[PDB]
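For reference, the structure discussed in these notes is given below.
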Amino acid sequence: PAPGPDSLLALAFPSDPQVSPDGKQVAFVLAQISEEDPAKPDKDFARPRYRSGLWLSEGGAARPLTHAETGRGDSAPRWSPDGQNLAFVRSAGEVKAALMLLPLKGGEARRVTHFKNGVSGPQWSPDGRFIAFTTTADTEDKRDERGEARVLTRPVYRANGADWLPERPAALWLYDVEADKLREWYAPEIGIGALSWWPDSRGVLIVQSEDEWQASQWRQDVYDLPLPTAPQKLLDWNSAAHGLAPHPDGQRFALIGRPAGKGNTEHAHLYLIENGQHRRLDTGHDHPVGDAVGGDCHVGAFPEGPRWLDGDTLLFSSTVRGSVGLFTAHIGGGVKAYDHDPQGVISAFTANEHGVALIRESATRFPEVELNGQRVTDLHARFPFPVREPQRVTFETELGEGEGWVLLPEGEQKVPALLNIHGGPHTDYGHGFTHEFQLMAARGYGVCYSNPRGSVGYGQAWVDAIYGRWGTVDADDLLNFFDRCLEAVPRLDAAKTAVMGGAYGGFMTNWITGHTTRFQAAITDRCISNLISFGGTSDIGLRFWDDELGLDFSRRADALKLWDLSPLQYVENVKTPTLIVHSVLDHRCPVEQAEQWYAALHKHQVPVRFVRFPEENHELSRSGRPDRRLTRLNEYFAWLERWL
Amino acid sequence: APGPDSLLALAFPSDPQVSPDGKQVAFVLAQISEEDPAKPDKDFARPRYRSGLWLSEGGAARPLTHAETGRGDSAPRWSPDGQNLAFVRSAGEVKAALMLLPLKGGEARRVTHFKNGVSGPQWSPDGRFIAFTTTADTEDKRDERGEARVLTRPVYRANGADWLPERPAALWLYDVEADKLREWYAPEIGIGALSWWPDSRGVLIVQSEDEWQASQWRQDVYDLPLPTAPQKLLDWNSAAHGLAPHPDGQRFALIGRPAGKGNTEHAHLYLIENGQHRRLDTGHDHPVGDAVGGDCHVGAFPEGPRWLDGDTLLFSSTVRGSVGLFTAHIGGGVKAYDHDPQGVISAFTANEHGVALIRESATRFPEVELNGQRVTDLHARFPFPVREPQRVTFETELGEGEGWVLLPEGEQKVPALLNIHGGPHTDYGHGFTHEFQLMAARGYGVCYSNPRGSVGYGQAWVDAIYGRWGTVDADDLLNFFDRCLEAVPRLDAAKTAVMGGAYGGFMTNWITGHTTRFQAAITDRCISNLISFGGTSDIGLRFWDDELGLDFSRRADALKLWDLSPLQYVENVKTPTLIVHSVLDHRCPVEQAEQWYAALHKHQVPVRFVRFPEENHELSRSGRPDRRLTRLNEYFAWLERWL
Amino acid sequence: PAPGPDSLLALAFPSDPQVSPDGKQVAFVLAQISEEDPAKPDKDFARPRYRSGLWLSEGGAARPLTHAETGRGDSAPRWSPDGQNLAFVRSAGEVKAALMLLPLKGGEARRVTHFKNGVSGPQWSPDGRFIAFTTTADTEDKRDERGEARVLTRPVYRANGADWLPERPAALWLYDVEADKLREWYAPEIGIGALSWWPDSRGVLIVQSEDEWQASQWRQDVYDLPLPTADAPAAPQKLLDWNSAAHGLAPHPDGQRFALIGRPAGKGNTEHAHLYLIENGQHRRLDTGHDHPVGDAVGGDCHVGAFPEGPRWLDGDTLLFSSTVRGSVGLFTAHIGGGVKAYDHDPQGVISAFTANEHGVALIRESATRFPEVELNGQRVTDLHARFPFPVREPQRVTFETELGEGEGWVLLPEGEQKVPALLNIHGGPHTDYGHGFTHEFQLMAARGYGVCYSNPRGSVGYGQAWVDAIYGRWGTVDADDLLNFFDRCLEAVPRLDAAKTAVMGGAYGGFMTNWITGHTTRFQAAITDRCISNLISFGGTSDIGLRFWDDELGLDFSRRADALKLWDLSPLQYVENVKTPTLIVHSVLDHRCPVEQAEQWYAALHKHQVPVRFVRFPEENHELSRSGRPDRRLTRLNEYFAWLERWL
């Protein structure tokens with residue numbers, strides 16, 4: 001009785017590992033999967049939902065601090081600097097996201113805020129006097145409820161995962177801890193991105209764009225916002241910035257991003273800011289800041305903000321050849337490894353001068369929470385079937401050897417071979433934990449997955465190789481890799497092959513099937529078929545192709561080049577039975593992309609099936625509602641069983 | 001000056017049903033009232049259509065029903081003995097119940113009790129049965145639960161119906177004498193037109209063979225006897241509706257076109273005998289049915305042809321912006337029956353004893369007539385004075401084209417609004433357009449014309465744009481507009497705007513991408529990208545094939561479709577543009593508007609996008625009254641800003 | 001398989017027989033019993049409800065005009081004087097009671113009024129120009145919904161069947177038919193009772209009390225209210241200082257005189273209602289030589305809805321009215337120039353409602369053996385007895401001697417020849433009659449094998465005023481004597497009645513008397529006391545008529561020490577220590593005529609004495625449960641009666 005997609009329901013998902021100020025404790029979030037209303041289940045329709053609570057460890061096995069029995073649960077634990085309180089956010093039905101304050105030495109939490117719309121992103125000031133957070137407060141918008149028109153004048157009006165953007169951005173508020181009083185601090189005209197307190201608690205640094213157009217073009221600056229008694233521009237960056245890390249000296253700060261002129265394809269790096277000047281801080285390290293390795297067992301928030309361990313040393317995470325390690329950057333030197341397992345992924349971390357807490361996983365290990373190197377969870381033990389170990393298969397390119405992996409099922413008999421293509425394109429497969437892949441191998445498929453040119457963990461030149469020319473050397477690498485897998489692993493059945501992928505991976509599944517008939521089945525997920533219409537419909541359409549391809553869909557000559565890069569131009573060649581998976585509120589890859597592919601395959605009488613999820617967005621496979629994650633996997637396996 | 005809320009004063013007639021003895025008409029009248037008159041929202045008005053049945057025996061019509069909640073009463077159908085009216089009632093949770101009203105006294109009785117209600121009641125001529133369709137008590141909880149929809153059929157949504165059900169509505173019978181209901185025929189695909197044989201032995205129905213043929217508009221006619229399965233009667237493999245069984249019980253007529261050219265060919269009238277067909281409306285180079293624009297039609301507008309005797313078939317036809325009644329004869333050709341070249345007959349019913357119809361003009365709001373006598377007084381409700389247009393012509397290689405200019409009162413210069421009708425194979429002309437009258441009442445000169453591609457000027461005028469939208473049609477529109485400026489000196493050539501919906505929106509996008517001459521533009525339910533339209537539109541699998549000879553799923557054709565896409569030329573657009581679109585418009589999907597909006601933003605062109613939830617392609621003609629007001633408010637706000 | 005209480009669910013109930021102005025048609029109301037929501041029945045709990053529609057006949061079998069499928073339905077049909085329209089009242093959920101206008105020659109009804117609270121009592125003016133009606137319009141009272149206190153200052157604050165009286169009485173409104181306009185006519189400070197149009201349509205006559213205290217004492221006057229002619233309408237003008245009970249105003253065709261039904265000041269509640277001709281403040285008895293009350297006061301249980309009995313002038317001399325005579329109800333004419341003549345009087349039948357004009361008459365007629373039927377000009381137009389689901393049986397007469405002459409009662413026997421238990425049933429009032437009304441309960445008792453014995457002791461109403469007066473001030477003496485003497489005569493006259501298996505039962509006054517009898521003899525094997533009275537003192541303070549009932553019936557004021565002691569000596573609860581008979585107690589919580597504290601005391605006292613007792617307590621219902629309560633609770637009441645009799649007999 002091979003395991004099925006409902007294996008997902010056995011798992012619990014950790015997030016947001018928050019080390020205590022004294023370094024001796026970790027508070028974190030654990031999402032379990034439970035019935036929407038455990039008291040009143042629907043006899044005809046199961047309703048598995050995420051429900052989260054806060055957990056705490058001092059080094060031993062973690063224990064629950066909260067006990068949600070309804071609603072989405074509790075999130076965003078934040079330690080008071082004196083270690084005696086945890087602020088957090090509670091969602092329970094009509095309580096959308098209330099700021100709560102829990103004394104750790106005894107007693108229940110008190111609700112601090114009372115806004116119709118709840119709050120987001122609490123951060124204590126380092127001196128403990130304040131908690132900053134954002135909120136839309138009590139603003140009401142009855143247009144959708146009444147059936148009124150929405151009048152659009154801004155260039156970007158929706159966002160994947162948030163749906164439709166409000167007329168007024170969330171405002172920055174202050175909770176005065178001593179006075180037990182709330183006050184609006186700053187109501188931005190455009191929106192606040194990253195935010196960090198100065199170490200002396202005099203105010204915050206914030207990222208803002210100058211206007212709506214600049215925001216759509218990913219141009220941001222950093223501003224200084226003192227405690228109230230308006231922000232002042234602190235850095236003319238005119239580019240992408242987040243992860244502000246104020247230096248202990250209270251004057252300098254680091255930021256994560258890229259300098260102006262770069263473009264989305266440049267690795268995110270660390271920049272030291274002093275008196276409006278900047279210089280690269282993580283020198284000699286040809287890898288991006290942050291976790292960009294694929295996996296599907298992350299639900300919730302995964303903090304990766306860099307942290308100064310002393311006056312010279314900035315701790316950060318970085319993706320390297322399918323792994324994610326901790327490194328230190330130094331004002332006085334180059335980058336040094338801090339905690340880097342080439343076969344593992346550190347997906348979130350917090351730190352101070354006294355301790356570190358993180359979440360760690362591998363291709364064979366479900367995510368676990370650690371405190372100062374000690375595991376405090378036992379979550380892999382919940383994984384309900386045995387995991388298998390992948391084998392490495394390499395392929396040659398003019399830039400050097402690329403790599404990928406084969407995950408084989410048990411036994412020695414021939415098994416179908418599944419080419420899985422990661423999205424991005426500037427991410428990696430490798431050492432993230434992928435329930436989907438382990439499940440495919442448990443059901444008898446050989447899973448082949450690789451990092452073609454365009455992937456992100458192999459240096460900037462490997463990223464740049466596909467610039468302006470998706471469908472050339474990246475497609476070459478994928479089929480070269482797959483051919484090397486079939487040659488290296490004889491039990492892979494070259495007569496029973498499938499190609500599948502999501503997002504860029506869906507683009508590439510569409511590209512590949514329009515350029516070869518070799519596969520017996522295809523599954524294209526949250527895909528791209530028409531690069532022109534994407535420019536006009538995607539929540540990043542106003543800048544994505546400009547950065548990835550140098551092409552502006554609103555300019556005639558560029559639009560023709562985008563059409564020649566569109567899989568739909570070559571759809572007349574598709575003969576491979578194709579399953580199309582898409583979600584209606586995916587604003588990253590809008591569902592019109594899938595509709596066009598579906599219609600075109602029908603025009604050609606190619607066997608086709610389109611599973612269309614309401615309510616979900618681009619993130620379904622990684623964090624969608626559990627029932628719909630089950631359905632997506634069920635549909636994958638039904639299609640493979642039919643054609644392989 | 002009057003504003004868009006002038007619409008709230010109007011009452012909208014529909015479905016003029018003459019009685020079997022020819023001496024009465026029953027019809028539907030939609031008034032606009034609060035959603036819940038008992039509990040109005042102090043902060044938000046909720047004007048809604050609410051309909052009742054009305055009756056006339058020759059004098060001023062009087063109401064038979066008095067709905068105060070719900071959408072109201074529709075689809076009146078006379079019993080053959082004249083003593084009863086069947087109709088359909090919508091009142092909240094009562095979706096669409098079949099009701100039976102005795103006409104000589106007493107209230108109606110409810111006949112059906114289906115969760116999903118019924119549609120399309122038709123009495124058998126002998127009065128023994130009422131046929132109707134229903135999805136009965138079928139439930140679909142996917143959307144309510146948040147479940148996926150699995151799609152395998154080529155067409156899965158339709159403008160105005162949203163998502164198509166897995167099982168089509170089934171045909172049912174009400175046994176009048178027995179007071180019993182029974183399912184008659186559950187089709188696999190769907191039933192189109194339906195008509196009883198004159199001897200009440202069964203019905204003729206239009207059906208497609210399978211889902212793919214349905215997407216290609218290929219239908220056949222079947223014979224379905226009363227129960228005691230359908231048998232194919234005509235190998236048509238093409239578009240057919242308007243079944244009119246001949247009194248002899250063997251032959252029948254239909255409206256449509258034979259297999260061959262495609263759906264740009266004029267719809268014509270065909271006599272069917274023993275599987276053979278021959279055209280009846282010969283010597284008449286004009287399509288069957290009303291294809292003239294207007295915006296005061298709410299509800300059902302029957303146009304089914306009717307035999308006035310064994311030799312004479314009554315039908316309606318569009319001719320140079322008018323819609324007239326004509327008769328075709330078995331013995332040869334077409335004669336005018338009731339045709340004013342300056343008017344539009346939008347619906348009619350008839351038998352051997354009488355005729356009832358709805359009639360309008362560019363200056364006359366729709367009224368109901370019985371045997372030539374008006375029985376309504378609806379024009380009197382129109383809340384501001386109407387003005388009369390003047391005709392302006394233009395020259396082409398196919399002959400003289402025509403259009404009109406509607407001017408405000410006074411003598412001063414006024415801004416000039418080039419309005420472009422959709423289709424493209426429809427006409428402007430002699431329909432009543434509240435929108436145009438309101439524009440002139442607010443001080444604008446409205447210029448509207450029938451370029452090549454329009455439908456009322458013969459087949460060659462239609463064919464002139466085949467495969468080449470954006471060539472001679474665009475030429476004609478600007479030719480006409482230039483002639484208006486020359487002929488009408490009050491039009492201000494420095495304050496001009498271009499606007500249109502659907503094909504007219506395509507053309508507004510095309511024109512602004514090819515000239516900067518206009519000071520403002522309004523593009524409504526538009527098309528910007530012919531490639532993506534092919535994959536998203538509810539008719540995308542056939543529309544360009546018929547209209548352009550192009551298949552978006554074939555590489556060479558898709559490039560030709562891109563060369564016809566206004567979005568290819570958007571870099572030239574400088575004209576401030578208002579974009580009006582509805583989220584459930586499945587005819588022109590809203591991604592068309594999203595692409596135009598985004599492209600104008602990339603170029604920093606002044607742009608505004610009014611995005612209506614819940615509405616579809618038909619908003620301007622029959623959308624919810626509050627959203628029709630908002631659409632017009634937005635039109636005028638934009639024109640006031642830029643003109 | 002003997003029938004049970006659910007036999008009630010097979011019946012349909014006619015009411016409000018309205019003859020057309022031309023005398024050739026009748027429109028009436030028919031209540032069927034149907035599920036609350038036939039579409040969504042509760043699998044675990046049946047919900048039978050009354051649902052009414054309008055029916056029409058020109059002499060043949062009646063046909064339905066309306067087709068309510070939800071809600072309580074349609075009521076109060078009223079003909080337009082030109083015969084072409086019916087006004088009526090529609091109740092459908094949130095539509096509480098809307099005035100509707102139905103054209104009779106084709107088309108559906110139009111809703112005329114749009115008030116949150118609906119309307120009551122539509123009456124066309126004779127010239128057809130107006131419809132008068134009353135309404136509380138859109139007034140809201142959120143006290144109960146919010147849990148606020150109710151502050152009481154008025155002497156009467158609740159009424160059986162209406163529950164709690166509003167601070168502002170319903171106002172009289174006018175519908176102007178030609179103008180299609182509505183306007184408030186008169187907002188009374190106290191309340192409007194009877195109302196009638198003058199024959200020339202110049203205005204209405206209305207009955208009103210001068211203040212809240214006088215209303216509580218049943219003292220009313222007649223007022224003249226002309227049609228309004230300005231933004232603020234003229235007020236009513238007092239027309240007759242009656243200072244007594246008045247209803248059924250019947251304006252004379254001459255437009256000046258009018259008759260009224262009631263009693264002159266002096267006489268209390270026990271005086272027969274009579275007809276009085278009023279002329280310029282003078283009054284004289286009109287129904288002379290007729291020692292019987294106006295109106296139907298005969299018991300039965302198959303009346304749901306409104307039963308009009310307003311007297312009607314057939315010409316300048318002749319006033320048609322109904323009257324109770326020895327257990328029957330007949331039509332009679334009173335004459336300005338002479339005495340009373342029979343018009344339509346079957347001594348074995350009951351005419352329960354009628355309307356009339358110079359061209360025709362419509363009525364409802366029944367008997368002890370015939371379920372109510374609607375008639376037009378002497379022709380039955382319904383077939384409602386045919387629905388009665390088991391055979392009906394014929395009562396036999398048994399008489400008894402009194403010092404005032406022979407009293408009478410009846411025995412309804414089951415089939416067969418074997419001994420059967422004997423049930424003494426006692427009618428309420430006390431000033432009503434048993435006799436020739438149709439009683440489903442009695443027919444059902446006999447169908448289940450009981451001999452039903454029921455009579456008109458002194459105090460009953462159909463045997464002349466002196467027979468009523470015999471019990472004045474002394475309930476529990478000659479009335480109890482008559483009841484037990486009658487029952488003994490039944491046992492002697494009908495040998496199959498089993499003297500060892502007897503029960504006593506009754507409602508209201510009949511419940512008082514069941515309590516009295518069981519406290520004064522142990523002869524019965526079972527007792528059923530329904531909507532009863534046990535404590536005359538507390539009744540004075542809790543009943544909706546407590547401020548006047550004993551004063552009129554007994555000459556006793558509970559708020560005066562000497563009188564209260566006499567009321568205690570008349571209270572069955574004083575003698576409860578003697579009760580040994582197993583007793584079923586039936587009562588409803590919103591019975592404001594006999595408040596439920598009456599039953600609570602009897603229940604507690606029998607418990608103190610360890611007498612077998614069972615108390616069925618109905619929510620929501622009032623004094624009228626057995627005659628018009630919700631069908632499911634009517635079934636339960638009957639089930640409980642029969643369960644108790646099966647246990648003890």
Side-chain angles (χ1 to χ4, degrees), chain A residues 42 45 47 142-144 146-155 157 213 216 529-530 532-533 535-537 541-542 552-556 559-560 563 568-573 580 590 592 595-605 608-615 625 627-628 631-632 635, chain B residues 41 43-44 46 141-143 145-154 156 212 215 528-529 531-532 534-536 540-541 551-555 558-559 562 567-571 579 589 591 594-604 607-614 624 626-627 630-631 634:
Chain A
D42 186 329
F45 186 65
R47 289 182 295 168
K142 303 176 178 298
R143 284 173 299 171
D144 289 345
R146 292 169 165 177
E148 293 178 274
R150 282 174 176 264
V151 174
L152 303 175
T153 58
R154 293 168 180 175
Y157 46 88
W213 174 251
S216 82
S529 64
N530 183 334
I532 292 172
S533 65
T537 61
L542 299 175
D552 176 348
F553 77 102
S554 72
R555 295 178 65 92
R556 180 164 178 255
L560 181 59
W563 179 239
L568 190 64
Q569 167 169 165
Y570 312 94
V571 75
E572 68 184 18
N573 306 294
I580 301 170
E592 49 86 25
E595 291 171 358
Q596 294 180 65
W597 200 252
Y598 181 71
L601 267 52
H602 262 294
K603 289 282 279 179
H604 289 281
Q605 320 294 21
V608 65
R609 179 179 174 95
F610 179 5
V611 182
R612 182 186 176 102
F613 290 94
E615 296 170 8
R625 204 170 75 184
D627 59 321
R628 292 183 287 231
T631 296
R632 172 180 166 278
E635 286 283 331
Chain B
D41 185 327
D43 295 313
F44 187 68
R46 287 182 295 168
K141 302 177 177 207
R142 285 173 299 171
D143 290 343
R145 291 169 167 178
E147 294 178 276
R149 282 173 177 264
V150 175
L151 304 180
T152 59
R153 294 168 178 176
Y156 48 89
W212 178 251
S215 81
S528 63
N529 182 336
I531 293 171
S532 65
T536 61
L541 299 178
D551 175 348
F552 76 97
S553 72
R554 298 190 69 89
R555 178 168 173 259
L559 183 59
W562 180 240
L567 193 65
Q568 167 167 164
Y569 313 94
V570 74
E571 65 185 12
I579 303 173
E591 48 85 24
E594 290 170 357
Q595 293 180 66
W596 200 251
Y597 182 73
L600 269 52
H601 264 295
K602 291 282 280 181
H603 288 279
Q604 316 292 16
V607 67
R608 181 180 174 96
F609 180 4
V610 182
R611 185 185 175 102
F612 289 96
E614 294 171 8
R624 206 169 75 182
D626 59 321
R627 292 184 289 233
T630 299
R631 173 180 167 277
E634 286 284 332

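A note on names: the letters A, B, ... follow the listed sequences, proteins ahead of strands, and every chain is numbered from 1. Only this structure's heavy atoms are used, side chains among them; waters, hydrogens and symmetry mates stay out.
Side chains of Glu635(A) and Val150(B) form a contact here, defined as non-hydrogen atoms less than 4.5 Å apart. Residues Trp212(B) and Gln605(A) form a side-chain contact, since some pair of their non-hydrogen atoms from C-beta on lies under 4.5 Å apart. Two residues are said to be in side-chain contact when any heavy atoms from C-beta on lie closer than 4.5 Å; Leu151(B) and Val608(A) fail this criterion. Side-chain contact check for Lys142(A) versus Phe44(B): every heavy-atom pair is 4.5 Å or farther apart. Residues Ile532(A) and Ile531(B) are not in side-chain contact: their nearest non-hydrogen atoms beyond the backbone lie 4.5 Å or more apart.
Looking only at heavy-atom pairs under 4.5 Å with chain B, the residue among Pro614(A), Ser529(A), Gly535(A) that has the most is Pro614(A). Interface remark: of the candidates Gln568(B), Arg555(B), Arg631(B), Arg555(B) forms the most heavy-atom pairs closer than 4.5 Å to chain A. If you tally non-hydrogen atom pairs under 4.5 Å between each of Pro590(A), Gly541(A), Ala599(A), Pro155(A) and chain B, the highest count goes to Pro155(A). Comparing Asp551(B), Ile579(B), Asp626(B) by heavy-atom pairs within less than 4.5 Å of chain A, the highest count is held by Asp551(B).
For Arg625(A), the part lying near chain B is the side chain, with the backbone staying farther off; criterion is any non-hydrogen pair under 4.5 Å. Of the two parts of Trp597(A), neither the backbone nor the side chain holds a non-hydrogen atom closer than 4.5 Å to a non-hydrogen atom of chain B. Only the side chain of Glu614(B) comes within contact range of chain A, with at least one heavy atom under 4.5 Å from a heavy atom of that chain.
Distance check: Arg612(A) CZ to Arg149(B) CZ gives 9.0 Å after rounding to the nearest 0.5 Å. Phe612(B) contributes atom CZ, which lies 10.5 Å from atom CD of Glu148(A) (distance to the nearest 0.5 angstrom).
In this structure, the side chain of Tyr598(A) does not engage the main chain of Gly535(B) through any donor-acceptor pair within 3.5 Å. Side-chain atoms of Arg628(A) come within 3.5 Å of backbone atoms of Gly146(B) as a donor-acceptor pair (strictly under, hydrogens ignored).
Counting all heavy atoms, side chain and backbone alike, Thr631(A) lies closest to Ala148(B) at CG2-CB, 4.4 Å. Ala599(B) approaches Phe553(A) most closely through the heavy-atom pair N-CZ, 3.8 Å. Considering every non-hydrogen atom in both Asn529(B) and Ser533(A), the closest pair reads ND2-CB, 4.2 Å.
Across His603(B), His601(B), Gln595(B), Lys602(B), a single residue satisfies side chain to side chain donor-acceptor pair (under 3.5 Å) together with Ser554(A), and that is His603(B).
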